[PDB]
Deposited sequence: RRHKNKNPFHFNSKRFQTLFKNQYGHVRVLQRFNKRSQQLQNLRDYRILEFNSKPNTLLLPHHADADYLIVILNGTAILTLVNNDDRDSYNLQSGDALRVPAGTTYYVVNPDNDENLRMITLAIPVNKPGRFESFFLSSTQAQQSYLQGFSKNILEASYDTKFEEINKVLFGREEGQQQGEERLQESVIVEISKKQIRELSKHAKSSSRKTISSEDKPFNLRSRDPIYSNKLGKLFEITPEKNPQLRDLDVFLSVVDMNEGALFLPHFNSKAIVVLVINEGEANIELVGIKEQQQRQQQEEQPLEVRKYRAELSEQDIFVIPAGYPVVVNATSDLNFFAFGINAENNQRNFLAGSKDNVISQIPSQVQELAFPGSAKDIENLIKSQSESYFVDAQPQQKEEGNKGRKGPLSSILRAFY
């Protein structure tokens, strides 16, 4: 099952008592069945309360989404700064080469961020450039020679090397006094920022797309947001009670990357007398699962479930269901055609299709 990505598929970049930064292996590492995802990578960050991820930039375009907790994300530009107070469901597009740092200002909640990255110099391959100098990594400033550094900073190398080069890793503890000072002018999201070119936006800013007693699905697309339109990506989040089933359906043109935030679930995927291929998998918290465009899929929540999804090639994507009383494509095919396509009669076919009176999310 090349579409299932569990912990063995992630790679740790930085880890200590305060935080864990890791990246998913290249989507096309194992199988070449996901070739059109070669330009993308998934980054995962988790940190304890009152912590700071040191300043750095990446040679990759970034789309950040907060799964759990609160974060003060501060973009450090060459002539100014932009800080944002981001909470669960907030997303922010950070251009490649933008220096930034992240603070978890909460006193009790851990922070969990997921980042969709799009490398610039090589397809799906990139590096993180930390300005800081720790035991886990040397500052990129150390790449320059002594004579160069002396001329640039116009000071003796013994001083530069003492002040700059001379912490355990890239995630460090920060005082409540410093957190309070670093959170002063942080801007947050609002229903107005839904269509902003630079400000953060929440995935639950509007009414959910699907919503009943068993589940809810919220979504932000390239249609309302300029940031997402340029990346041609949609973002969605789903909540399902234990025992609920996300009815059979397929995405018309979007390649969907699933990230399990909370809970467990069984997922069935269908690929292609010509036989169909049955891909099966049991998903756990933090697992990743890829749904190729056009492939029918089903998600069954084993416990209270919450997952997020990044939709690549998103523009005008359509969700077509094969069961249920709403958005059921089969119920749109005329009886004359249904009768020729299936063995049963036009009557048996319609009676069957009407059996399930609920839609989207049903009892498993």
**OP:** Go through the deposited sequence from residue 1 and tell me which stretches lack C-alpha coordinates, in order.
**Re:** 1-6, 173-184, 291-302, 395-418
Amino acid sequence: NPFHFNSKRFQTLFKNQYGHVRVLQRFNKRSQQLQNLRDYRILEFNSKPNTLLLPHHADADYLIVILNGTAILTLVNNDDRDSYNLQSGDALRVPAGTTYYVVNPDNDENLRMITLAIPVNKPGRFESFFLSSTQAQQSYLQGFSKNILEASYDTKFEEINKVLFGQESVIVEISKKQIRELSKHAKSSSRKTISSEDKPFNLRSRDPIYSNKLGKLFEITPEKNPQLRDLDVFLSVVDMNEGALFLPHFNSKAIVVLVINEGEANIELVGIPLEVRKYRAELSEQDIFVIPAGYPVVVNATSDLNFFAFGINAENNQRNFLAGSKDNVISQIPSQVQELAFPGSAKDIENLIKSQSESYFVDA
From here on, numbers count along this sequence of modelled residues.
Original post:
What stretch has the higher average Cα B-factor here, 150-158 or 118-126?
Top reply: 150-158
**OP:** Higher average CA B factor in the deposited record is what I'm after, so tell me if that's 189-197 or 75-83.
**Re:** 189-197
Original post:
Which one of 91, 276, 237, 256 shows the top CA temperature factor in the record?
Top reply: 276
Subject >> Out of 249, 229, 176, 206, highest CA B-factor residue >> reply: 206
Subject >> Third assignment of residue 26 from its chain's C-alpha B-factors >> reply: middle
**OP:** Using the B-factor values recorded in the entry, state whether the Cα atom of residue 140 falls in the lowest, middle or highest third among the modelled residues of its chain.
**Re:** lowest
**OP:** Name the third of the chain's ranked CA B-factors that contains residue 224, choosing lowest, middle or highest.
**Re:** highest
Original post:
Going by what the PDB entry lists, where does residue 100 fall on CA B-factor within its chain: lowest, middle or highest third?
Top reply: lowest
**OP:** Ordered by C-alpha B-factor within the chain, which third holds residue 112? Give me lowest, middle or highest, please.
**Re:** lowest
